[PDB]
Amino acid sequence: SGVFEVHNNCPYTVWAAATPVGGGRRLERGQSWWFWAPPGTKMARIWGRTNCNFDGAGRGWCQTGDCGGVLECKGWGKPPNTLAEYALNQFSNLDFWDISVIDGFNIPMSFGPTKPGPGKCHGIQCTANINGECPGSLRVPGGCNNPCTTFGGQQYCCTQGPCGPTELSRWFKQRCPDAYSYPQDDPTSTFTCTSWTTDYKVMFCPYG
């Protein structure tokens, strides 16, 4: 319960990050990072940072997902960064989790329970070649930004009230049907498992 394995299967190095628990860890291909989240942990995210350069003290910078120039993240990363989000022991004894591209996409990833269950408690992924097919307007080095990051505004960010899918969010949704494509993409993007029944695993580049 509450245990996360973050495994890197990408050809390149990935500096894993996680908040509010976890921190960060350099992961060469084949390596795993294990951390535990106390029961009740909410608004948590796990992500990978690419093309980093750190000194001996842990200060540096990353091309994507940079969390304030430090290796062990205390805060969120700079988009674009594919996200695995979770909240344990929420209402009705359920863990709520998802993969999100609301803050862009940088690395393909899978996210799922170690002990599956009925309903939505099964593994999901977002492994489409988003970086290679990314629209020119959203394209950045090593990633593909969500229109809310690139353009801003209610239409894409939904800060002013109800919003719906846009041509750009749909572009993401077509490639990753199980991931959050825009702020209010809730019905087809939320997955759950009964609390205290399973651990979780995140993999960067499942297919290599």
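A residue's number is simply how far along the shown sequence it sits, counting from 1.
**Request:** Using only the Cα atoms and their B-factors as the entry lists them, report which of 64-72 and 155-163 averages higher.
**Result:** Looking at the record's C-alpha B-factors, the answer is 155-163.
**Request:** Output the stretch having the higher mean C-alpha B factor in the entry; the candidates are 75-83 and 131-139.
**Result:** For C-alpha atoms only, the mean B-factor is higher in 131-139.
**Item:** Residue selected from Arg26, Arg45, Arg59, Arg49 by maximal Cα B factor
**Value:** The record points to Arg59.
**Request:** In terms of CA temperature factor as recorded, identify the highest of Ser110, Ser100, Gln90, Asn106.
**Result:** So the option with the highest C-alpha B-factor is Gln90.
**Request:** Determine, from the deposited record, the chain-internal third of the Cα B-factor for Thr197: lowest, middle or highest.
**Result:** Middle third - that is where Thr197 ends up once the chain's C-alpha B-factors are sorted.
**Prompt:** Compared with the other modelled residues in the chain, in which third is the CA B-factor of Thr150?
**Reply:** Top third by C-alpha B-factor.
**Message:** Can you tell me whether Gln174 has a C-alpha B-factor in the lowest, middle or highest third compared with the other modelled residues of the same chain?
**Reply:** Highest third of the chain for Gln174's C-alpha B-factor.
**Asked** When the modelled residues of the chain are sorted by Cα temperature factor, does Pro118 land in the lowest, middle or highest third?
**Response** Its C-alpha B-factor, which the entry lists for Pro118, ranks in the highest third among residues of this chain.
**Prompt:** Considering only modelled residues of the same chain, in which third does the CA B-factor of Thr13 rank: lowest, middle or highest?
**Reply:** Its C-alpha B-factor, which the entry lists for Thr13, ranks in the middle third among residues of this chain.
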